[PDB]
2 protein chains.
Amino acid sequence: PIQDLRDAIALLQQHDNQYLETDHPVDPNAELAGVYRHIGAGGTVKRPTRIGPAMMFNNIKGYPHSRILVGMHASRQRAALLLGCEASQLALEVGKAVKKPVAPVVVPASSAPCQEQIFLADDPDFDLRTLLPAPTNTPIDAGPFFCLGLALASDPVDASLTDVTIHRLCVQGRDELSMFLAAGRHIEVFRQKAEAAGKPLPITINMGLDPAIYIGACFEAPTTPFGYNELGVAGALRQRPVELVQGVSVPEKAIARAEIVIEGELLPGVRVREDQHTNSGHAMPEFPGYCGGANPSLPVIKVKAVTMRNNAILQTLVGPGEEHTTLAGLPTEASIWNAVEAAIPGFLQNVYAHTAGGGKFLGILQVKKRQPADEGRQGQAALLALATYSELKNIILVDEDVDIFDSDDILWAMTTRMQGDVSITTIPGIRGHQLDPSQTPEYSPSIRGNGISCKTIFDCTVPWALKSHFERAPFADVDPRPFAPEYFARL
Amino acid sequence: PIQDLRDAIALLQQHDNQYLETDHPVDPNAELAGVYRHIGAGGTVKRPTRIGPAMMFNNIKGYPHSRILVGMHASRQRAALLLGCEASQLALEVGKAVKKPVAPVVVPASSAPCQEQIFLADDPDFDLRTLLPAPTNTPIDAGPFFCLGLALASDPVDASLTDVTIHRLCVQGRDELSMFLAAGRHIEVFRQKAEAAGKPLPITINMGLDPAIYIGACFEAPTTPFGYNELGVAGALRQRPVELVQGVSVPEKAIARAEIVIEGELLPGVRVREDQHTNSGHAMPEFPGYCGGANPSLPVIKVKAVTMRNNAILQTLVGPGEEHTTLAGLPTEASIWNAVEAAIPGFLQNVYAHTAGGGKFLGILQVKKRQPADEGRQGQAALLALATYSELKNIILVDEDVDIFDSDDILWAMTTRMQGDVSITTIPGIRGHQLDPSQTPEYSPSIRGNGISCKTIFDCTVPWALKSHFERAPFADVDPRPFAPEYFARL
């Protein structure tokens with residue numbers, strides 16, 4: 001029963017090519033990410049790249065006591081193994097946990113390995129920059145980043161209002177991090193409330209976690225009093241409550257079994273240029289595959305303490321590549337599943353938040369026309385997808401004999417089951433996502449500002465009345481294995 | 001030095017997962033194809049399928065002295081190993097051979113392994129159907145097929161005119177095969193000239209060949225006296241003339257080192273229904289991945305002899321999947337290369353006749369914009385492609401940082417470097433190909449007859465003025481090997 005990051009590493013070590021360690025010295029600045037680019041970053045990272053093992057770097061230059069984990073979630077198959085289901089059903093299996101969550105519980109400090117070591121920022125010798133190897137993903141980044149920081153925080157006026165969300169933070173100084181907070185999201189609203197009263201907002205950043213927690217926390221959750229409800233998904237996935245502990249230096253909870261916890265406060269009335277120390281003009285690589293722009297005005301966590309386990313692992317990601325595809329893509333798929341299946345039961349066979357869109361921009365919907373009235377519902381399923389997940393950009397529709405996880409087979413449906421002046425429907429001027437660099441006025445006369453897009457539905461389903469002409473060549477069913485057993489061993 | 005199929009097999013056996021044998025009894029009717037569907041048919045074949053080893057079945061039900069080879073050209077990497085070049089350069093490499101062909105030569109029967117065993121149709125016990133296995137691809141095919149028949153044929157009046165072509169053939173009786181010949185092709189014009197005079201056309205069907213010969217025979221060649229010029233490509237690929245032997249029962253040449261040669265004559269004033277023995281309504285699977293209809297009026301080869309090597313291999317294909325992509329796709333790529341490079345030298349970086357289009361329907365063009373004036377040449381390249389290969393359907397244009405052999409990366413360009421109402425150009429009413437089942441009046445109000453199409457250009461290149469915003473996140477160059485030697489040691 002997996003309850004923390006090390007229980008997960010143990011499971012991976014029982015399967016081939018899921019976990020890999022190296023003792024060869026690596027520089028956290030640029031080099032480590034450059035290495036994993038080849039081994040397992042995947043997704044929208046520039047070629048060459050591939051799906052591979054999660055990888056542990058034991059020998060980090062300048063950090064003789066540290067080790068860095070990347071790629072834990074950077075494969076769909078791997079995520080399936082870590083949660084005990086089939087990779088094609090991963091979105092549905094987690095969607096079931098979302099529906100029957102198990103609440104987290106509070107434990108005492110004696111039960112929290114994340115507090116086996118406490119480094120108070122009090123200490124004159126404290127220096128976040130030398131305590132933690134925060135990797136730099138590319139040389140043009142704004143600085144070192146932590147990329148899997150699970151932030152816990154509460155409303156400053158109503159303490160029963162909580163939030164759990166993944167963030168990335170740039171290291172800005174001996175005890176400072178900058179942190180981008182999405183407008184409108186709960187923790188930013190918390191921070192705006194505290195700042196309007198001139199007060200800091202206490203927060204914990206929890207890194208190195210059971211992958212069920214990271215995966216579960218990307219889904220929308222209900223809000224109950226003191227609920228930290230995102231944690232309920234992982235509670236359901238393991239059938240064991242996620243354990244919280246009180247912070248040592250701030251009045252906010254932290255993840256009891258996390259590897260590293262950064263406790264601090266968002267400062268009132270303070271802001272920094274994200275790239276103030278490099279003037280690179282960039283932040284770090286974004287899920288579409290491009291380096292984003294540096295944010296000119298960011299809030300700052302003032303660090304009051306770092307607590308960690310003995311031999312703490314620092315967990316982050318590279319790419320963000322396939323690791324982002326998994327964390328973002330399963331929620332994208334679940335919400336599309338839920339919307340289509342409630343409106344058109346039995347129609348959708350599956351949906352894939354394609355890695356080529358980082359799990360957000362590109363939806364592949366596999367439908368089955370069962371009867372004459374299903375003609376015209378394939379467009380309806382596309383409208384449902386675009387309405388339910390507004391950061392989507394394009395939809396590709398295929399039938400149930402097309403493998404939506406096989407990009408060759410998607411392009412095959414786009415070649416023999418599509419006519420350009422019939423099957424392609426453009427929907428201009430719909431808000432999409434600012435990190436798509438083609439969503440700009442300069443790219444298109446129908447785009448009125450950044451993050452607005454034309455959204456395109458590629459209908460590659462066979463028209464109902466023509467289906468008799470579109471049967472794929474029927475090869476006979478045979479068990480191939482007796483013909484070459486040793487060859488099918490390689491699985 | 002590779003000079004026959006067996007030398008090619010021995011080369012394959014020096015590389016991992018390129019060649020596989022099985023002694024498990026197999027039914028050449030349907031079951032064999034059913035097995036290789038899972039092991040390595042690839043291409044447009046229904047999932048599951050994949051690229052895998054070429055496969056030899058040694059244990060053939062009803063044919064205890066036979067063994068059957070499939071999948072020899074069913075892998076771009078395998079074709080590259082076989083011709084001694086890099087997969088990404090394959091078409092450039094065969095294109096060089098097309099330009100400087102090495103003419104074939106005639107050798108005596110003593111230098112002709114293909115006549116080690118002679119089976120005259122003279123013999124009352126001769127029966128084409130029990131002598132050779134002719135696999136069926138699906139249970140609904142017209143009948144047993146030979147799918148890699150290299151035909152040699154000459155003009156019945158002017159013997160200096162020759163032709164060398166690949167055909168498929170259905171086994172129609174004791175000593176008859178049906179053979180479709182493409183209208184206007186040289187061998188068909190030889191046939192019509194002979195039929196118009198009331199005379200048979202002598203011919204040899206050569207099977208089990210140096211892959212160089214099959215690959216080279218799919219390119220257009222010039223005509224010179226007694227040239228058999230398609231063999232000049234294989235000659236240049238091997239820097240050794242292909243060897244011809246005089247047939248034993250008909251006045252026409254055969255491939256000296258072929259595994260199997262069927263000698264016969266196309267009969268005048270005789271036609272058969274392709275599926276006359278099954279009434280299946282179908283021929284066999286076509287390269288777009290659907291079953292073809294049965295041709296109701298095919299000419300007949302009356303067999304006069306079958307010669308073969310000792311321990312002869314019957315070589316054919318399954319799917320036809322990836323084996324067709326290689327055979328058809330390299331000529332498609334070479335012709336696009338030649339046209340674009342002549343018109344816009346330096347602009348095309350590479351082209352991929354994508355396997356999802358069977359090597360014919362879908363072109364991925366990789367261009368590099370070097371200067372402002374290249375803005376607008378990407379579409380020019382697309383037109384060049386559409387002009388020179390009229391069976392193309394759609395073009396996808398990408399820049400030099402997109403891996404065109406990686407369908408995930410194509411879709412990525414389709415997602416972040418494309419706006420539907422800007423980047424997509426439809427060209428309606430252009431003759432395409434009849435075996436694309438969506439090219440019918442029933443699919444589209446703009447299609448006036450079967451085999452006419454809308455042809456779509458998807459411009460997924462970065463507009464020149466915007467290039468600085470579209471740089472893929474620049475992970476540092478690092479040699480990953482030292483960090484994980486034994487992992488990279490699985491190459």
# chains A, B, ... in the order shown; residues from 1 in each chain; ligands from 1
>>> closest_atom_pairs(of="chain B", to="chain A", cutoff="7 Å", atoms="only C-alpha atoms", output="JSON lines")
{"residue": "B:22", "atom": "CA", "partner": "A:483", "partner_atom": "CA", "distance": 5.9}
{"residue": "B:24", "atom": "CA", "partner": "A:483", "partner_atom": "CA", "distance": 5.5}
{"residue": "B:30", "atom": "CA", "partner": "A:476", "partner_atom": "CA", "distance": 6.3}
{"residue": "B:31", "atom": "CA", "partner": "A:476", "partner_atom": "CA", "distance": 6.6}
{"residue": "B:34", "atom": "CA", "partner": "A:476", "partner_atom": "CA", "distance": 5.0}
{"residue": "B:35", "atom": "CA", "partner": "A:480", "partner_atom": "CA", "distance": 4.9}
{"residue": "B:38", "atom": "CA", "partner": "A:480", "partner_atom": "CA", "distance": 6.7}
{"residue": "B:46", "atom": "CA", "partner": "A:472", "partner_atom": "CA", "distance": 6.4}
{"residue": "B:47", "atom": "CA", "partner": "A:403", "partner_atom": "CA", "distance": 6.8}
{"residue": "B:137", "atom": "CA", "partner": "A:475", "partner_atom": "CA", "distance": 6.9}
{"residue": "B:138", "atom": "CA", "partner": "A:475", "partner_atom": "CA", "distance": 5.0}
{"residue": "B:139", "atom": "CA", "partner": "A:476", "partner_atom": "CA", "distance": 6.9}
{"residue": "B:285", "atom": "CA", "partner": "A:473", "partner_atom": "CA", "distance": 5.7}
{"residue": "B:289", "atom": "CA", "partner": "A:473", "partner_atom": "CA", "distance": 5.9}
{"residue": "B:290", "atom": "CA", "partner": "A:473", "partner_atom": "CA", "distance": 4.7}
{"residue": "B:291", "atom": "CA", "partner": "A:473", "partner_atom": "CA", "distance": 5.1}
{"residue": "B:356", "atom": "CA", "partner": "A:412", "partner_atom": "CA", "distance": 4.5}
{"residue": "B:357", "atom": "CA", "partner": "A:412", "partner_atom": "CA", "distance": 6.4}
{"residue": "B:362", "atom": "CA", "partner": "A:415", "partner_atom": "CA", "distance": 6.9}
{"residue": "B:403", "atom": "CA", "partner": "A:47", "partner_atom": "CA", "distance": 6.8}
{"residue": "B:407", "atom": "CA", "partner": "A:407", "partner_atom": "CA", "distance": 5.2}
{"residue": "B:408", "atom": "CA", "partner": "A:407", "partner_atom": "CA", "distance": 5.8}
{"residue": "B:409", "atom": "CA", "partner": "A:356", "partner_atom": "CA", "distance": 6.7}
{"residue": "B:411", "atom": "CA", "partner": "A:356", "partner_atom": "CA", "distance": 6.0}
{"residue": "B:412", "atom": "CA", "partner": "A:356", "partner_atom": "CA", "distance": 4.5}
{"residue": "B:415", "atom": "CA", "partner": "A:357", "partner_atom": "CA", "distance": 6.5}
{"residue": "B:416", "atom": "CA", "partner": "A:436", "partner_atom": "CA", "distance": 5.8}
{"residue": "B:417", "atom": "CA", "partner": "A:438", "partner_atom": "CA", "distance": 5.9}
{"residue": "B:418", "atom": "CA", "partner": "A:438", "partner_atom": "CA", "distance": 6.8}
{"residue": "B:419", "atom": "CA", "partner": "A:454", "partner_atom": "CA", "distance": 6.0}
{"residue": "B:420", "atom": "CA", "partner": "A:456", "partner_atom": "CA", "distance": 5.7}
{"residue": "B:421", "atom": "CA", "partner": "A:426", "partner_atom": "CA", "distance": 6.2}
{"residue": "B:422", "atom": "CA", "partner": "A:444", "partner_atom": "CA", "distance": 6.4}
{"residue": "B:426", "atom": "CA", "partner": "A:420", "partner_atom": "CA", "distance": 6.0}
{"residue": "B:436", "atom": "CA", "partner": "A:416", "partner_atom": "CA", "distance": 5.7}
{"residue": "B:437", "atom": "CA", "partner": "A:416", "partner_atom": "CA", "distance": 6.7}
{"residue": "B:438", "atom": "CA", "partner": "A:417", "partner_atom": "CA", "distance": 5.9}
{"residue": "B:444", "atom": "CA", "partner": "A:422", "partner_atom": "CA", "distance": 6.4}
{"residue": "B:454", "atom": "CA", "partner": "A:420", "partner_atom": "CA", "distance": 6.0}
{"residue": "B:455", "atom": "CA", "partner": "A:420", "partner_atom": "CA", "distance": 6.8}
{"residue": "B:456", "atom": "CA", "partner": "A:420", "partner_atom": "CA", "distance": 5.7}
{"residue": "B:469", "atom": "CA", "partner": "A:437", "partner_atom": "CA", "distance": 6.7}
{"residue": "B:470", "atom": "CA", "partner": "A:290", "partner_atom": "CA", "distance": 6.7}
{"residue": "B:471", "atom": "CA", "partner": "A:290", "partner_atom": "CA", "distance": 6.2}
{"residue": "B:472", "atom": "CA", "partner": "A:290", "partner_atom": "CA", "distance": 4.8}
{"residue": "B:473", "atom": "CA", "partner": "A:290", "partner_atom": "CA", "distance": 4.7}
{"residue": "B:474", "atom": "CA", "partner": "A:138", "partner_atom": "CA", "distance": 6.0}
{"residue": "B:475", "atom": "CA", "partner": "A:138", "partner_atom": "CA", "distance": 5.0}
{"residue": "B:476", "atom": "CA", "partner": "A:34", "partner_atom": "CA", "distance": 5.1}
{"residue": "B:477", "atom": "CA", "partner": "A:34", "partner_atom": "CA", "distance": 6.2}
{"residue": "B:478", "atom": "CA", "partner": "A:34", "partner_atom": "CA", "distance": 5.8}
{"residue": "B:480", "atom": "CA", "partner": "A:35", "partner_atom": "CA", "distance": 5.1}
{"residue": "B:483", "atom": "CA", "partner": "A:24", "partner_atom": "CA", "distance": 5.4}
{"residue": "B:484", "atom": "CA", "partner": "A:22", "partner_atom": "CA", "distance": 6.5}
>>> residues_around(residues="residue 117 (chain A)", least_positions_apart="4", cutoff="10 Å", atoms="only C-alpha atoms", output="NGL selection string")
:A and (113 or 260 or 306-312)
>>> residues_around(residues="region 91-93 of chain B", least_positions_apart="6", cutoff="8 Å", atoms="only C-alpha atoms", output="PDB file with N, CA, C and O atoms, in the first residue's frame")
ATOM      1  N   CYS B  85      22.460   2.549 -45.728  1.00  0.00           N
ATOM      2  CA  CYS B  85      22.367   3.991 -45.531  1.00  0.00           C
ATOM      3  C   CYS B  85      21.492   4.277 -44.306  1.00  0.00           C
ATOM      4  O   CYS B  85      21.018   3.360 -43.632  1.00  0.00           O
ATOM      5  N   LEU B 330       9.120   5.570 -51.032  1.00  0.00           N
ATOM      6  CA  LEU B 330      10.423   6.094 -51.443  1.00  0.00           C
ATOM      7  C   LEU B 330      10.348   6.761 -52.807  1.00  0.00           C
ATOM      8  O   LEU B 330      10.899   7.862 -52.964  1.00  0.00           O
ATOM      9  N   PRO B 331       9.706   6.168 -53.824  1.00  0.00           N
ATOM     10  CA  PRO B 331       9.459   6.911 -55.080  1.00  0.00           C
ATOM     11  C   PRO B 331       8.678   8.204 -54.883  1.00  0.00           C
ATOM     12  O   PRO B 331       9.008   9.222 -55.509  1.00  0.00           O
ATOM     13  N   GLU B 333       8.623  10.135 -52.230  1.00  0.00           N
ATOM     14  CA  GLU B 333       9.543  11.112 -51.656  1.00  0.00           C
ATOM     15  C   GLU B 333      10.572  11.568 -52.681  1.00  0.00           C
ATOM     16  O   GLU B 333      10.857  12.768 -52.786  1.00  0.00           O
ATOM     17  N   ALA B 334      11.148  10.629 -53.449  1.00  0.00           N
ATOM     18  CA  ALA B 334      12.202  11.014 -54.385  1.00  0.00           C
ATOM     19  C   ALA B 334      11.686  12.035 -55.395  1.00  0.00           C
ATOM     20  O   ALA B 334      12.397  12.984 -55.747  1.00  0.00           O
ATOM     21  N   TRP B 337      11.234  15.499 -53.615  1.00  0.00           N
ATOM     22  CA  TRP B 337      12.615  15.957 -53.536  1.00  0.00           C
ATOM     23  C   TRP B 337      13.101  16.573 -54.841  1.00  0.00           C
ATOM     24  O   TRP B 337      13.575  17.714 -54.872  1.00  0.00           O
TER      25      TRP B 337
END
>>> residues_around(residues="region 223-227 of chain B", least_positions_apart="2", cutoff="9 Å", atoms="only C-alpha atoms", output="list in words")
residues 103, 104, 154, 159, 160, 161, 162, 163, 221, 229, 230, 231 and 232 of chain B
>>> write_last_selection(atoms="N, CA, C and O atoms", output="compact mmCIF listing (two decimals), in the first residue's frame")
# COMPACT_ATOMS: atom_id res chain seq x y z
N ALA B 103 23.59 -1.09 -65.67
CA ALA B 103 22.74 -1.93 -66.50
C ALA B 103 22.87 -3.42 -66.13
O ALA B 103 23.94 -3.88 -65.75
N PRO B 104 21.78 -4.18 -66.24
CA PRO B 104 21.86 -5.63 -66.00
C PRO B 104 22.60 -6.35 -67.13
O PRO B 104 22.85 -5.81 -68.21
N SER B 154 8.42 -7.98 -72.82
CA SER B 154 8.96 -7.30 -73.98
C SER B 154 7.85 -7.03 -74.98
O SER B 154 6.81 -7.69 -74.98
N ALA B 159 11.33 -6.08 -80.03
CA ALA B 159 11.87 -6.77 -78.87
C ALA B 159 12.85 -5.90 -78.08
O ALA B 159 13.18 -6.26 -76.94
N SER B 160 13.31 -4.78 -78.64
CA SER B 160 14.20 -3.89 -77.92
C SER B 160 13.49 -3.12 -76.81
O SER B 160 14.17 -2.57 -75.93
N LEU B 161 12.16 -3.04 -76.84
CA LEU B 161 11.40 -2.39 -75.77
C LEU B 161 11.07 -3.42 -74.70
O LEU B 161 10.58 -4.52 -75.00
N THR B 162 11.33 -3.06 -73.44
CA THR B 162 11.15 -3.96 -72.31
C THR B 162 10.49 -3.22 -71.16
O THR B 162 10.37 -1.99 -71.17
N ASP B 163 10.10 -3.98 -70.15
CA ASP B 163 9.53 -3.39 -68.94
C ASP B 163 9.77 -4.33 -67.76
O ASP B 163 9.93 -5.54 -67.93
N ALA B 221 11.93 4.75 -64.64
CA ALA B 221 13.22 4.59 -65.29
C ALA B 221 13.13 5.02 -66.75
O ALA B 221 12.04 5.00 -67.33
N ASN B 229 15.33 -1.49 -67.62
CA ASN B 229 16.07 -0.39 -66.99
C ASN B 229 15.79 -0.27 -65.50
O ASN B 229 16.64 0.21 -64.75
N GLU B 230 14.61 -0.70 -65.04
CA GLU B 230 14.34 -0.65 -63.60
C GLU B 230 15.41 -1.39 -62.82
O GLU B 230 15.69 -1.02 -61.67
N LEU B 231 16.02 -2.43 -63.42
CA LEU B 231 17.08 -3.18 -62.76
C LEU B 231 18.37 -2.38 -62.65
O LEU B 231 19.26 -2.75 -61.88
N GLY B 232 18.48 -1.29 -63.41
CA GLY B 232 19.65 -0.44 -63.30
C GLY B 232 19.76 0.22 -61.94
O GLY B 232 20.87 0.52 -61.49
>>> select_by_dssp(residues="region 201-289 of chain A", states="alpha helix (DSSP H)", output="count of residues only")
14
>>> atom_distance(atom1="CA of residue 94 (chain A)", atom2="CA of residue 237 (chain A)")
7.3 Å
>>> select_by_dssp(residues="region 64-124 of chain A", states="strand (DSSP E or B)", output="MDAnalysis selection string")
chainID A and resid 67:70 105:106 117:120
>>> atom_distance(atom1="CA of residue 177 (chain A)", atom2="CA of residue 128 (chain A)")
9.2 Å
>>> residues_around(residues="region 340-346 of chain B", least_positions_apart="2", cutoff="9 Å", atoms="only C-alpha atoms", output="list in words")
residues 335, 336, 337, 338, 348, 349, 367, 368, 377, 380, 381, 382, 384 and 385 of chain B
>>> atom_distance(atom1="CA of residue 214 (chain B)", atom2="CA of residue 303 (chain B)")
22.5 Å
>>> residues_around(residues="residue 195 (chain A)", least_positions_apart="4", cutoff="9 Å", atoms="only C-alpha atoms", output="list in words")
residues 190, 191, 199, 200, 201, 266, 267, 268 and 269 of chain A
>>> write_last_selection(atoms="N, CA, C and O atoms", output="short mmCIF file (atom, residue, chain, number, x, y, z; two decimals), in the first residue's frame")
data_model
loop_
_atom_site.label_atom_id
_atom_site.label_comp_id
_atom_site.auth_asym_id
_atom_site.auth_seq_id
_atom_site.Cartn_x
_atom_site.Cartn_y
_atom_site.Cartn_z
N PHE A 190 -7.04 34.27 -1.71
CA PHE A 190 -6.53 34.31 -0.34
C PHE A 190 -5.47 35.40 -0.20
O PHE A 190 -5.53 36.22 0.73
N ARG A 191 -4.48 35.39 -1.10
CA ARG A 191 -3.37 36.33 -1.01
C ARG A 191 -3.85 37.77 -1.18
O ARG A 191 -3.40 38.67 -0.46
N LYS A 199 -1.34 42.18 5.48
CA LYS A 199 -0.78 41.04 6.18
C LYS A 199 -0.21 40.02 5.20
O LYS A 199 -0.66 39.90 4.06
N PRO A 200 0.79 39.26 5.63
CA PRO A 200 1.27 38.14 4.82
C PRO A 200 0.29 36.98 4.87
O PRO A 200 -0.58 36.89 5.74
N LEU A 201 0.44 36.07 3.91
CA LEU A 201 -0.38 34.86 3.86
C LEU A 201 0.50 33.64 4.13
O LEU A 201 1.42 33.37 3.34
N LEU A 266 3.49 34.62 1.78
CA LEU A 266 3.40 35.60 0.71
C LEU A 266 3.38 37.00 1.31
O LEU A 266 2.52 37.32 2.14
N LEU A 267 4.33 37.84 0.89
CA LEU A 267 4.53 39.15 1.49
C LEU A 267 3.49 40.14 0.98
O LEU A 267 3.17 40.16 -0.20
N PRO A 268 2.95 40.99 1.86
CA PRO A 268 2.06 42.07 1.40
C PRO A 268 2.85 43.19 0.75
O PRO A 268 3.87 43.64 1.28
N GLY A 269 2.39 43.63 -0.42
CA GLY A 269 2.89 44.86 -1.03
C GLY A 269 4.28 44.78 -1.61
O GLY A 269 4.97 45.80 -1.71
#
>>> residues_around(residues="residue 148 (chain B)", least_positions_apart="4", cutoff="12 Å", atoms="only C-alpha atoms", output="ChimeraX atom specification")
/B:69-73,134-135,165-170,179,205-211,213-215,217-218,258-261,314-318,320,323-324,327
>>> write_last_selection(atoms="C-alpha atoms", output="PDB file, in the first residue's frame")
ATOM      1  CA  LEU B  69       8.905 -14.955 -46.149  1.00  0.00           C
ATOM      2  CA  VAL B  70       6.912 -11.800 -45.315  1.00  0.00           C
ATOM      3  CA  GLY B  71       7.793  -8.307 -44.165  1.00  0.00           C
ATOM      4  CA  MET B  72      11.190  -7.944 -45.830  1.00  0.00           C
ATOM      5  CA  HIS B  73      10.589  -4.284 -46.780  1.00  0.00           C
ATOM      6  CA  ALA B 134      -0.007 -18.505 -52.245  1.00  0.00           C
ATOM      7  CA  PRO B 135      -1.167 -16.923 -48.969  1.00  0.00           C
ATOM      8  CA  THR B 165       7.090  -4.056 -62.952  1.00  0.00           C
ATOM      9  CA  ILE B 166       5.742  -5.345 -59.617  1.00  0.00           C
ATOM     10  CA  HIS B 167       2.325  -7.030 -59.692  1.00  0.00           C
ATOM     11  CA  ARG B 168       0.008  -9.046 -57.503  1.00  0.00           C
ATOM     12  CA  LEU B 169      -1.533 -12.223 -58.915  1.00  0.00           C
ATOM     13  CA  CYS B 170      -4.458 -14.434 -57.906  1.00  0.00           C
ATOM     14  CA  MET B 179      -2.970 -10.351 -63.206  1.00  0.00           C
ATOM     15  CA  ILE B 205       7.041 -13.487 -62.725  1.00  0.00           C
ATOM     16  CA  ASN B 206      10.083 -13.362 -60.451  1.00  0.00           C
ATOM     17  CA  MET B 207       9.712 -13.697 -56.681  1.00  0.00           C
ATOM     18  CA  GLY B 208      12.111 -13.624 -53.738  1.00  0.00           C
ATOM     19  CA  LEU B 209      14.648 -10.994 -54.669  1.00  0.00           C
ATOM     20  CA  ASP B 210      17.369  -8.761 -53.360  1.00  0.00           C
ATOM     21  CA  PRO B 211      15.286  -6.023 -51.659  1.00  0.00           C
ATOM     22  CA  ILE B 213      15.609  -4.950 -56.868  1.00  0.00           C
ATOM     23  CA  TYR B 214      12.075  -4.615 -55.484  1.00  0.00           C
ATOM     24  CA  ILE B 215      12.803  -1.135 -54.086  1.00  0.00           C
ATOM     25  CA  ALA B 217      11.785  -1.383 -59.540  1.00  0.00           C
ATOM     26  CA  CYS B 218       9.231   1.023 -58.029  1.00  0.00           C
ATOM     27  CA  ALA B 258      15.400 -15.281 -57.819  1.00  0.00           C
ATOM     28  CA  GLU B 259      13.926 -17.839 -55.437  1.00  0.00           C
ATOM     29  CA  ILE B 260      10.955 -18.609 -57.720  1.00  0.00           C
ATOM     30  CA  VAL B 261      10.166 -17.816 -61.365  1.00  0.00           C
ATOM     31  CA  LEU B 314       8.100 -17.978 -51.257  1.00  0.00           C
ATOM     32  CA  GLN B 315       8.334 -14.222 -50.597  1.00  0.00           C
ATOM     33  CA  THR B 316       5.185 -12.074 -50.360  1.00  0.00           C
ATOM     34  CA  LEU B 317       3.672  -9.413 -48.060  1.00  0.00           C
ATOM     35  CA  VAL B 318       0.926  -8.805 -45.485  1.00  0.00           C
ATOM     36  CA  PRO B 320       0.035  -4.570 -47.213  1.00  0.00           C
ATOM     37  CA  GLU B 323       5.863  -3.045 -46.752  1.00  0.00           C
ATOM     38  CA  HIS B 324       3.741  -0.978 -49.146  1.00  0.00           C
ATOM     39  CA  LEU B 327       7.932   0.304 -51.787  1.00  0.00           C
TER      40      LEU B 327
END
>>> decode(residues="region 171-194 of chain A", atoms="C-alpha atoms", output="short mmCIF file (atom, residue, chain, number, x, y, z; two decimals), in the first residue's frame")
data_model
loop_
_atom_site.label_atom_id
_atom_site.label_comp_id
_atom_site.auth_asym_id
_atom_site.auth_seq_id
_atom_site.Cartn_x
_atom_site.Cartn_y
_atom_site.Cartn_z
CA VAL A 171 14.51 30.86 -6.26
CA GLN A 172 15.09 34.60 -5.82
CA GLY A 173 17.40 34.90 -2.82
CA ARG A 174 18.62 33.45 0.44
CA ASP A 175 15.06 33.12 1.78
CA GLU A 176 12.80 34.25 -1.09
CA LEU A 177 10.88 32.61 -3.93
CA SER A 178 8.69 34.23 -6.54
CA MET A 179 5.42 32.42 -7.25
CA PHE A 180 2.94 32.90 -10.07
CA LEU A 181 -0.68 32.57 -8.95
CA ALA A 182 -3.45 32.24 -11.52
CA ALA A 183 -5.95 35.09 -11.43
CA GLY A 184 -9.21 33.94 -9.86
CA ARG A 185 -7.91 30.68 -8.37
CA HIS A 186 -8.51 30.21 -4.67
CA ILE A 187 -5.01 30.76 -3.30
CA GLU A 188 -4.55 34.04 -5.22
CA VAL A 189 -7.86 35.28 -3.78
CA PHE A 190 -6.53 34.31 -0.34
CA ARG A 191 -3.37 36.33 -1.01
CA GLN A 192 -5.28 39.36 -2.32
CA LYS A 193 -7.37 39.34 0.86
CA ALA A 194 -4.32 39.24 3.14
#
